[PDB]
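Chemist: Shown below is the structure under consideration.
Please note: Cβ atoms are built from the backbone with ideal geometry, for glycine as well, and neighbour counts cover all protein chains shown. Computed from the coordinates by the stated procedures, all read-outs in this text should not be read as laboratory data.
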Amino acid sequence: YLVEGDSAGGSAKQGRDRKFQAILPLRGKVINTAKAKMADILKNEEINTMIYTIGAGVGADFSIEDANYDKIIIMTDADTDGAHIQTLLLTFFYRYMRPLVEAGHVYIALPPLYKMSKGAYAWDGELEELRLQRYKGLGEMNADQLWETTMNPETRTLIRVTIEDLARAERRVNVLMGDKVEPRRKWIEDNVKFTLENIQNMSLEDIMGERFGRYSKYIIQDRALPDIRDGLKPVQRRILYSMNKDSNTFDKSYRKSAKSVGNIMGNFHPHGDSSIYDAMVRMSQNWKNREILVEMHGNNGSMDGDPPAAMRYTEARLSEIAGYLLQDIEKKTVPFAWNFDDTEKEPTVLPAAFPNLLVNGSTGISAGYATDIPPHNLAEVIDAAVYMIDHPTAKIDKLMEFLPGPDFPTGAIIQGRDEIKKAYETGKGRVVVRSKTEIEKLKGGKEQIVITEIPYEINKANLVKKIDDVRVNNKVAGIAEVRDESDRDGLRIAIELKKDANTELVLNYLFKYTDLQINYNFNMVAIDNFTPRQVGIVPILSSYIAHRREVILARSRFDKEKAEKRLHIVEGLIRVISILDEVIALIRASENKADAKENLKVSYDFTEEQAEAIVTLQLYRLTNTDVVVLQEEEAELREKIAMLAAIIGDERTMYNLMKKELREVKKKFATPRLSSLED
Amino acid sequence: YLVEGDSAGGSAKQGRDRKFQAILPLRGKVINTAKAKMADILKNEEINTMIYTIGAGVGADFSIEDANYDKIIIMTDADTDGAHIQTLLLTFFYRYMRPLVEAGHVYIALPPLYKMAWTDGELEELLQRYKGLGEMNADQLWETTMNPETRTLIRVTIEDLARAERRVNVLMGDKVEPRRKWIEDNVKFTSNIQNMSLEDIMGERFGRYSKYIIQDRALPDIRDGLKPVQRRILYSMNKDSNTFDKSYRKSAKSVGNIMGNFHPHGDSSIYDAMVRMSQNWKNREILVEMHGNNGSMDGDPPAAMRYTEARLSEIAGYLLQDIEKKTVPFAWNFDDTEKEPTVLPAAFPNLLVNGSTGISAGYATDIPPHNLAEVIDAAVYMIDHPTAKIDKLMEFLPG
Amino acid sequence: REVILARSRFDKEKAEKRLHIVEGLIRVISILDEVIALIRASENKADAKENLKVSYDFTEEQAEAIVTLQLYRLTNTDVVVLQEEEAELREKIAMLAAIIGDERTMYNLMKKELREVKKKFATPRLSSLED
DNA sequence: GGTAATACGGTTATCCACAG
DNA sequence: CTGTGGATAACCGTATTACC
Ligand SMILES: [Mg+2]
Ligand SMILES: [Mg+2]
């Protein structure tokens, strides 16, 4: 039994029949033995101990008859990453112990993902025909459960891999697991449906099919790529939503991170506290995000790349603009959905009162797709969205009057306008990004280059170091000293030169051969209707706009319905201030809460709503009985209800609402450019 | 600047003036240079890194003139484990680099523990608690502790050599008895550069560590039988209504709660405690029911906290009986955000039933488990026989 | 001991605040028709309570209790029922004060609850003893 | 030379795309 | 061959008492 990690190894070792069943635990994900050379492939711990533990040799030196076991069962967890491993491993026994695979000795264990409580297991159709707990991994199952449901011969089911049409198998392991992304992506497009989908043999091709498809789809939709609307990946949305639900906002205390992480992993995000804290930290670093979404107290990283305080230390809390990412989430504005567990519902997208995806950016490594979208200036983005609200048909050159190019939080200089255009047109382009520098004439007569902004996502330490590395290797002459002078109130790298040293030469060699100047490649993929799309500035801005339409609309309906309800109650309270002594003597007349409501409804034609309201009143209320205040309430109610009705009804009314709010956000948060542009 | 690990090393590194200040991160507790073989003290990685960084040579080969720095500043987190590291480092300097401590070159840094304040006498005269330097932002660190203008630094000196070799060798010595004596004696359980003798620094510091590690960690309370971590676990679990009669709950949530609301320490320690509390070959009457992998008598590691769910057991219910009905002393927590009980109602005698074990400083504890029945027998007998002698009691509590 | 005591002091104090409130409630049913009317023109909640006190010798506990009664509860006017509650409360307050005053009733309870726990949870011996 | 249990620290290898 | 960021999985140094 091949098992991932030692915690699953525990459940296995304890559930197993110890006479004829072994367990080999595996640290992590297994090496892709179709993507790396036989060099690394043979120098790999897991691989090696796997060859050993099976004892029959790899490659052409493999003997089916020297094999220590009859069956080689891959029992990974039931989840996505489980499936991906079933893949990687299946593509190692195909590429290196093929006779094992061909002879029908590699099987795949089918443990369950869920379980019921009445107070019945779950492999979607018998969980309905028999009348929850999602298993993170094996180690969440108790040993007897593992045994009776998956490890026991008399009871278990097993999928039995067999190579049926050899050549086709070869083709498939090649598309899916090989080095060239292209055919893998075509395969996904052609096969994966992003909307919405004892012993028993399946072919290598089919098994590899389902498992990779499952991995691919989940990892595209639900991990790596952002939503084209709110611009967030699942983990970031879940962080914002859970923190906000817990009242941890900008206007209150800070709060110890590891509580937050514990909750986020308790309620929304079934993965390591590692990934969660990591994401939460990144959201707090003003040199990674252009507009930060989380404020953190304490060591939260730095441009040198030093580790943030481990999560036991650092206080955190939502920023202010994040609130604007979640405004009106309470007014039924956005699609919710059950979490992994079914304890709670969670949002699938946020209202997003500002256009995040273009402002903060996204990056970006999925499977078959990968995204890279630079940040922009909140002002400029809003300006374009607002022009496009009045001008659906707008062309790129025009919009670029408002959206000239990216605005990195790390400043610098961006060269390449035709390519910024190319990328806003198509989603893909290449641009150059160059550091800010002054030249500094020092005492004596020696010049000194002072770098003061560096390229986006460049490690400052690494850089300074790779420059001193140019010095001591005399890759060019000039550099007398290289010294990081950065501090509390600035970023300053002083490259001091010798007397007589071509400063222009040194500078150019530096831009050429170090990361003082790099390329940014746009690759703007986002999830737009459940499938990945490569998009220019237009489907992004459009998508945004229509989102805000839907949000505003559902909001206006929620408020209007609320309003109506209230109006319909006051309409009762007034017409019961009239027949008061009668209604009191009637509730006193009645017998028990239901007879009182039924009687309030029979004897004076109140509704359920109005009945419950009146009967559920308090005695101290009866003191104040002024119908003029109620009438003012009723009136205001009516005017509101009307303007709501107007927003829901009239289109241009709603688009102006959109623009007013947007211009309000812009006014509040507008910050000046940091990245200068050059053509 | 000697700092305790890379988390605090961050803030150190940032908030520092780079022209003259250096930062050496140490990875944990420093080795005790009194208790260890010279084989070990030789091989110890951090020891070597310090002996090179200070660049002067150890002990007998120590040349004061070759000191790369005028001041060697000790900056540990403000809490107790802090003071204990201060202690270990200090004895190392006393031992294998004496004339540095003799010249007054070894200074101790003074970070604040809380805010709105040092100590606990001046804070009461007025609220976050810095559980390690890594949740202090760099500006704060500079202003409060690293700025040669603003800061305050304890300035360690050997003021009477004879009266020093004793204290170090007693508080750090291999032999326990003299330490225990010292503790029983001195520990009561209930300014730009200030100078202080080694005797008094090592004194007050080891006093702090010892007192905390005895009172609030390693030894159990003679009434509910719990060490504090176990107590916050049962209390918090029960507050969230994570009880025996209601569907297990991802431990990894419970632990975040415990760390943020009650137990300001590393997840590791907390989850490990909760799990041991679920293992029925360690506990005679388990207090936590846990679901999934939670170890074996072979010791295979429990599933990590991401995996297993848990709830209180039924009988833990009784350990918590009537807690709501103002039946037990509460106190504020590390935050001053919430109240936690200081001892539980204990509707059975847990200290004898599940036992305890058992390592602090000067004291260790080993009390083996017993039968819940038999202990309850003896308890009832004693209730009607205040003066009961051991031999009669053993007719109920054989062993 | 300390626990059983303080627990008992808690249970008593609660039973008593209740008792007090129910006696109040009974009296309110007696003079019931003008309670309403006195509130009905009494400026506000505050002056409603003030007017209940400075006119009917009510207590603030009974006052806030009355004036914030739900309207649908003016259905239930059953006096004998509230009187039965009054009975049970009195018996409880008795027992509890007994525990607090008789340092022998208390210890007997202690024994009671301890043996209760024994029947609920006792399991057999496991490590055998040899000398 | 070993382990006991509650504390203090930190670290590494994998997949995925896409760049020079 | 390196780094990007959201995922998988492990790993081990130190203190403290105590006893062969
Ligand atoms: Mg370059
Ligand atoms: Mg690169």
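Chemist: Can you pull out the GluC sites (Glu not before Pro) in the stretch A:275-337 that DSSP calls coil and that have at most 12 other Cβ atoms within 10 Å?
Modeler: Working: sites: A:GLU291, A:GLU295, A:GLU315, A:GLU320, A:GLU330; in loops: A:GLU291, A:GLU330.
Sparse-neighbourhood loop GluC sites (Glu not before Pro): A:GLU330.
Chemist: Let me ask something else. May I ask you to evaluate 6.51 cos²θ - 1.76 cosθ + 1.60, the Karplus curve with θ = phi - 60°, for each residue of the stretch A:624-635 and list the ³J(HN,Hα) values in order in whole Hz, giving x for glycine and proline?
Modeler: 6, 9, 8, 7, 5, 5, 4, 5, 5, 4, 3, 5
Chemist: Taking every residue in C:42-53, how many Cβ atoms of other protein chains lie within 10 Å of its Cβ, on average?
Modeler: Working: counts 4, 2, 3, 6, 2, 2, 5, 1, 0, 1, 0, 0.
Partner Cβ neighbours, averaged per residue: 2.
Chemist: What ranking, highest mean first, results for peptides B:161-167, B:197-203 when packing means the other Cβ atoms within 10 Å averaged over each residue? Show your work: numbers first, answer last.
Modeler: Values: B:161-167: 13.7, B:197-203: 19.0.
Answer by packing, highest mean first, reads B:197-203, B:161-167.
Chemist: OK, next. Where does the charge balance sit around C:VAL35 when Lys and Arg score +1, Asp and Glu -1, over other residues with C-beta under 13 Å from its C-beta?
Modeler: Values: positive: A:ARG588, C:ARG27, C:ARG40, C:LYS49, C:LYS53, C:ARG73; negative: C:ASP33, C:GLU34.
Once positives and negatives cancel, what remains is +4.
Chemist: Can you grab the distance from the C-alpha centre of the stretch C:27-60 to the C-alpha centre of the stretch B:288-334, Å, no decimals?
Modeler: Going from one Cα centre to the other spans 51 Å.
Chemist: Now a separate question. Which entries of A:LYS118/B:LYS250; A:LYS259/B:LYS115; B:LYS131/B:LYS326 have Cα-Cα distances beyond 28 Å here? Before the final figure, lay out each step's value.
Modeler: Working: A:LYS118/B:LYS250 20 Å; A:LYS259/B:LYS115 20 Å; B:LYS131/B:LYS326 30 Å.
From the list (A:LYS118/B:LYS250; A:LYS259/B:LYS115; B:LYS131/B:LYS326), the Cα-Cα distance tops 28 Å for B:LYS131/B:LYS326.
Chemist: Another one. Take the stretch A:140-299, compute every pairwise Cα distance, and split them into 10 Å bins from 0; I just need the percent in each bin.
Modeler: With 10 Å bins starting at 0, P(r) equals 8, 25, 23, 24, 15, 5, 0.
Chemist: For every other residue with a beta carbon closer than 14 angstrom to the beta carbon of C:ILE4, add +1 if it is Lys or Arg and -1 if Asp or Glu, then tell me the sum.
Modeler: Working: positive: B:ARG223, B:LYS325, B:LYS326, C:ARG1, C:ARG7, C:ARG9, C:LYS12, C:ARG104, C:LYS111, C:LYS112; negative: B:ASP322, C:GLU2, C:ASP11, C:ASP102, C:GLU103, C:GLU113, C:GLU116.
With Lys, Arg at +1 and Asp, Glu at -1, the net is +3.
Chemist: Could you pull the Cα extents of chain C along its three principal axes, largest to smallest, in whole Å?
Modeler: 86, 30, 26
Chemist: Please turn the phi angles of the stretch C:110-125 into ³J(HN,Hα) values with the Karplus equation 6.51 cos²θ - 1.76 cosθ + 1.60 (θ = phi - 60°), one per residue in order, whole Hz, x for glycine and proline.
Modeler: Once θ is set to phi - 60°, the couplings for the stretch C:110-125 become 4, 4, 4, 5, 4, 5, 3, 3, 3, 4, 5, 10, 5, 10, x, 6 Hz.
Chemist: Counting only residues 5 or more places away or on other chains, whose amide H sits under 5 Å from the amide H of B:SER356 once H atoms are built in the peptide plane?
Modeler: Residues meeting the amide H criterion: B:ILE367.
Chemist: How far, in nm, would the chain grow between A:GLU330 and A:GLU632 when pulled straight, counting 0.36 nm per residue and subtracting the alpha carbon separation? All intermediate terms of the calculation are to be shown ahead of the outcome.
Modeler: On the way: separation 302, 0.36 × 302 = 108.72 nm, distance 2.68 nm.
Separation in residues times 0.36 nm, less the Cα-Cα distance, equals 106.0 nm.
Chemist: Out of C:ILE31, C:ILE93, C:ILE66, any idea which swings most in a Gaussian network model of chain C, alpha carbons joined below 10 Å?
Modeler: C:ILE31
Chemist: How large is the helix-only mean residue ellipticity at 222 nm for chain A, computed as the sum of -39500 (n - 2.57) over DSSP H runs with n ≥ 4, divided by its residue count, in deg cm²/dmol to the nearest 500? Don't jump to the answer; show the numbers that get you there.
Modeler: Details: 25 runs with 295 residues, N = 679.
Here the helix-only value at 222 nm equals -13500 deg cm²/dmol.
Chemist: Kindly provide the Kirkwood hydrodynamic radius of the stretch A:224-679 in Å, to one decimal, from all pairs of distinct alpha carbon atoms. If you can, show how the numbers build up before the last one.
Modeler: On the way: mean 1/r = 0.0385 Å⁻¹.
Mean inverse Cα-Cα distance, inverted, gives 25.9 Å.
Chemist: If you don't mind, there's one more thing I want to ask. Which whole-angstrom value gives the distance between the alpha carbon centres of the stretch B:343-399 and the stretch C:80-94?
Modeler: Centre-to-centre (Cα) distance: 41 Å.
Chemist: Additional query: Straight-line reach only, C-alpha to C-alpha below 18 angstrom: list the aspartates and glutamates that B:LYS71 could link to, leaving out same-chain residues fewer than 8 apart.
Modeler: Cross-link targets: B:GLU4, B:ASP17, B:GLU102, B:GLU149.
Chemist: What FRET efficiency comes out for the pair A:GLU661/A:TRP338, r = Cβ-Cβ distance, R0 = 25 Å, nearest 0.05? Please list the in-between numbers first.
Modeler: Working: r = 31 Å, r/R0 = 1.23.
About 0.25, to the nearest 0.05.
Chemist: Treating cross-link reach as a plain straight distance, find the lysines whose alpha-carbon is under 22 Å from the alpha-carbon of A:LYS499, omitting any fewer than eight places away in the same chain.
Modeler: A:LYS441, A:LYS443, A:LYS446, A:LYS475
Chemist: Just going by the charge dipole of the stretch A:192-297, with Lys and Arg at +1 and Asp and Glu at -1 on Cβ, which of A:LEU240, A:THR195, A:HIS297 is farthest out on the positive end?
Modeler: In the stretch A:192-297, that residue is A:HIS297.
Chemist: Let me ask you something else. Cα-Cα over 21 Å: which of A:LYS288/A:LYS436; A:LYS436/A:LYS667; A:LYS288/A:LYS512? Can you show the working numbers first?
Modeler: On the way: A:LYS288/A:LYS436 18 Å; A:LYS436/A:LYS667 29 Å; A:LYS288/A:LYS512 24 Å.
Violating the 21 Å limit, Cα to Cα: A:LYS436/A:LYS667; A:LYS288/A:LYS512.
Chemist: Which trypsin sites (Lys or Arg not before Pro) in the stretch B:1-64 sit in a loop by DSSP (not H, G, I, E or B) and have at most 10 other Cβ atoms within 10 Å of their own Cβ?
Modeler: Values: sites: B:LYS13, B:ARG16, B:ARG18, B:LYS19, B:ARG27, B:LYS29, B:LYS35, B:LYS37, B:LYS43; in loops: B:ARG16, B:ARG18, B:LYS19, B:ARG27, B:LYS29, B:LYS35, B:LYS37.
Of the trypsin sites (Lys or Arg not before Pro), the ones in loops of the stretch B:1-64 whose Cβ has at most 10 other Cβ atoms within 10 Å are B:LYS19, B:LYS37.
Chemist: Distance between Cα centroids, the stretch A:369-391 to the stretch A:600-648: provide it in whole Å.
Modeler: For the stretch A:369-391 versus the stretch A:600-648, the Cα centre distance is 45 Å.
Chemist: Would you kindly derive the ³J(HN,Hα) couplings of the stretch B:252-268 from the backbone phi angles with the Karplus curve 6.51 cos²θ - 1.76 cosθ + 1.60 (θ = phi - 60°), listing them in order in whole Hz, with x for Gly and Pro?
Modeler: Rounded to whole hertz, the list is 5, 8, 2, 6, x, 3, 4, 5, x, 9, 9, 10, x, 8, x, 2, 1.
Chemist: Which number do you get for Rg(Cα) / (2.2 N^0.38 Å) in chain B?
Modeler: The value comes to 1.13.
Chemist: Please say if the stretch A:480-593 is rounded, prolate or oblate, where rounded means a/c under 1.5 for a ≥ b ≥ c the square roots of the C-alpha gyration tensor eigenvalues, and otherwise the choice is prolate for a/b larger than b/c and oblate otherwise? Intermediate results must be reported in sequence, preceding the final value.
Modeler: Details: a/c = 6.46, a/b = 3.04, b/c = 2.12.
It is prolate, given that a/c is not under 1.5 and a/b is the larger ratio.
Chemist: Pick out, in residue order, every one of the chymotrypsin sites (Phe, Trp or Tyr not before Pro) in the stretch B:18-101 that is DSSP loop and has at most 10 other C-beta atoms within 10 Å; say none if there are none. Working shown, then result.
Modeler: Values: sites: B:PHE20, B:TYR52, B:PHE62, B:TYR69, B:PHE92, B:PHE93, B:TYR94, B:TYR96; in loops: B:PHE20, B:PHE62, B:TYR69.
Here the chymotrypsin sites (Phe, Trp or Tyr not before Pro) that fit, given the DSSP loop and packing criteria, are B:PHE20.
Chemist: Can you give the extra length, in nm with one decimal, that the chain gains between A:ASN474 and A:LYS441 once fully stretched, where that is 0.36 nm per residue apart less the Cα-Cα distance?
Modeler: So the chain would gain 9.6 nm between A:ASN474 and A:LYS441.
Chemist: Determine the shape class of the protein assembly as shown: with a ≥ b ≥ c the square roots of the Cα gyration tensor eigenvalues, call it rounded for a/c under 1.5, and otherwise prolate if a/b is greater than b/c, oblate otherwise.
Modeler: It comes out rounded by the Cα gyration axes.
Chemist: Would you pull out the residues with amide H under 5 Å of B:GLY225's amide H, same chain only if 5 or more places away, H placed 1.01 Å from N?
Modeler: The list, which skips near neighbours in sequence, is B:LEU351.
Chemist: Once you place label points 7 Å from the Cα toward the Cβ at C:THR77 and B:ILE390, how far apart are they in nm?
Modeler: 7.4
Chemist: Under 18 Å between alpha carbons, and skipping anything fewer than 8 positions from A:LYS180 in its own chain: which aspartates and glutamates qualify?
Modeler: Straight-line reach from A:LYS180, under 18 Å: A:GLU170, A:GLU189, A:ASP190.
Chemist: Still on this structure: Cα gyration tensor of the stretch A:1-223, axes a ≥ b ≥ c as square roots of the eigenvalues: rounded (a/c below 1.5), prolate (a/b > b/c) or oblate? Write out the running numbers ahead of the final one.
Modeler: On the way: a/c = 1.72, a/b = 1.15, b/c = 1.49.
Oblate, since a/c reaches 1.5 and b/c is not below a/b.
Chemist: Taking H placed 1.01 Å from N in the peptide plane, check which residues at least 5 places from A:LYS256 or on another chain put their amide H under 5 Å from its amide H.
Modeler: Those lying under 5 Å, H to H, from A:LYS256 are A:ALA316.
Chemist: Taking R0 as 25 Å, what FRET efficiency do you get between B:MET116 and B:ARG217 from their Cβ-Cβ distance, rounded to the nearest 0.05?
Modeler: Using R0 = 25 Å, I get an efficiency of 0.35.
Chemist: Efficiency by 1/(1 + (r/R0)^6): what FRET value for A:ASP61 and A:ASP165, r their Cβ-Cβ distance, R0 = 35 Å, to the nearest 0.05?
Modeler: Details: r = 26 Å, r/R0 = 0.76.
After rounding to 0.05, the efficiency reads 0.85.
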